[PDB]
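Visitor: Got a structure for you, written out below as structure tokens; questions coming shortly.
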Amino acid sequence: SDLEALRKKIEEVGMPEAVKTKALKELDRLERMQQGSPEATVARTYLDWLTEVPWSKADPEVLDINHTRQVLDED
Amino acid sequence: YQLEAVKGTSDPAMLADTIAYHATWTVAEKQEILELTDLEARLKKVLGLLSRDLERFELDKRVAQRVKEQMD
């Protein structure tokens with residue numbers, strides 16, 4: 001279940017290079033024959049913590065003062 | 001017994017698709033094998049997934065020998 005979904009949500013789910021490195025190091029740390037070490041179990045937790053961390057999903061930002069004014073006027 | 005019905009038997013699509021269900025690995029990769037209509041690429045995909053699992057378990061027995069020499 002999660003062993004196959006978390007294997008493939010490392011490299012197509014967009015993720016920064018500081019975080020893609022640990023996602024790949026837990027791709028290599030896990031998937032080791034269903035590793036049963038306690039660090040592998042908390043890494044099974046941690047890889048789920050480190051893939052649904054939201055990246056490659058920015059939403060459009062505005063660098064003008066005029067649109068900055070009126071949205072907080074609506075707020 | 002599964003090899004006796006495929007060795008010396010025609011229809012290599014039979015021979016690929018019958019054993020692509022029987023062995024247990026990632027189900028989505030089995031469905032992708034069903035998606036792959038190229039027969040030679042299907043046989044090579046089965047061989048490559050077999051090679052991936054074989055090198056996984058050769059690394060298993062290598063690290064197991066590391067653990068054995070480590071406990072010695």
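Convention: chains lettered A, B, ... in structure tokens order; per-chain residue numbering from 1; ligands numbered from 1 as shown.
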Show me, as a PyMOL selection string, the residues that have an atom within 12 Å of residue B:19 when counting only C-alpha atoms, minus same-chain residues fewer than 2 positions from it.

Guide: chain B and resi 1-3+5-6+12-17+21-25+30+33-34+42-43+46-47

Visitor: Quick one: contact table of chain B to chain A, 12 Å max, nearest atom pair and distance in Å to one decimal per residue, counting only C-alpha atoms, chain and number order, as JSON lines?

Guide:
```
{"residue": "B:25", "atom": "CA", "partner": "A:4", "partner_atom": "CA", "distance": 9.8}
{"residue": "B:26", "atom": "CA", "partner": "A:4", "partner_atom": "CA", "distance": 6.8}
{"residue": "B:27", "atom": "CA", "partner": "A:4", "partner_atom": "CA", "distance": 9.0}
{"residue": "B:28", "atom": "CA", "partner": "A:4", "partner_atom": "CA", "distance": 8.6}
{"residue": "B:29", "atom": "CA", "partner": "A:4", "partner_atom": "CA", "distance": 9.8}
{"residue": "B:52", "atom": "CA", "partner": "A:31", "partner_atom": "CA", "distance": 11.7}
{"residue": "B:53", "atom": "CA", "partner": "A:33", "partner_atom": "CA", "distance": 9.3}
{"residue": "B:54", "atom": "CA", "partner": "A:33", "partner_atom": "CA", "distance": 11.1}
{"residue": "B:55", "atom": "CA", "partner": "A:32", "partner_atom": "CA", "distance": 11.0}
{"residue": "B:56", "atom": "CA", "partner": "A:32", "partner_atom": "CA", "distance": 7.3}
{"residue": "B:57", "atom": "CA", "partner": "A:33", "partner_atom": "CA", "distance": 7.4}
{"residue": "B:58", "atom": "CA", "partner": "A:33", "partner_atom": "CA", "distance": 10.7}
{"residue": "B:59", "atom": "CA", "partner": "A:32", "partner_atom": "CA", "distance": 8.8}
{"residue": "B:60", "atom": "CA", "partner": "A:33", "partner_atom": "CA", "distance": 7.2}
{"residue": "B:61", "atom": "CA", "partner": "A:33", "partner_atom": "CA", "distance": 10.6}
{"residue": "B:63", "atom": "CA", "partner": "A:32", "partner_atom": "CA", "distance": 10.3}
{"residue": "B:64", "atom": "CA", "partner": "A:33", "partner_atom": "CA", "distance": 11.6}
```

Visitor: Residues within 10 Å of residue A:7, please, as a PyMOL selection string. Count only C-alpha atoms; anything in the same chain fewer than 3 positions from it doesn't count.

Guide: chain A and resi 2-4+10-12+23-24+26-28+30-31+47+51

Visitor: As a PyMOL selection string, please: every residue in chain B that DSSP puts in alpha helix (DSSP H).

Guide: chain B and resi 12-22+27-35+39-71
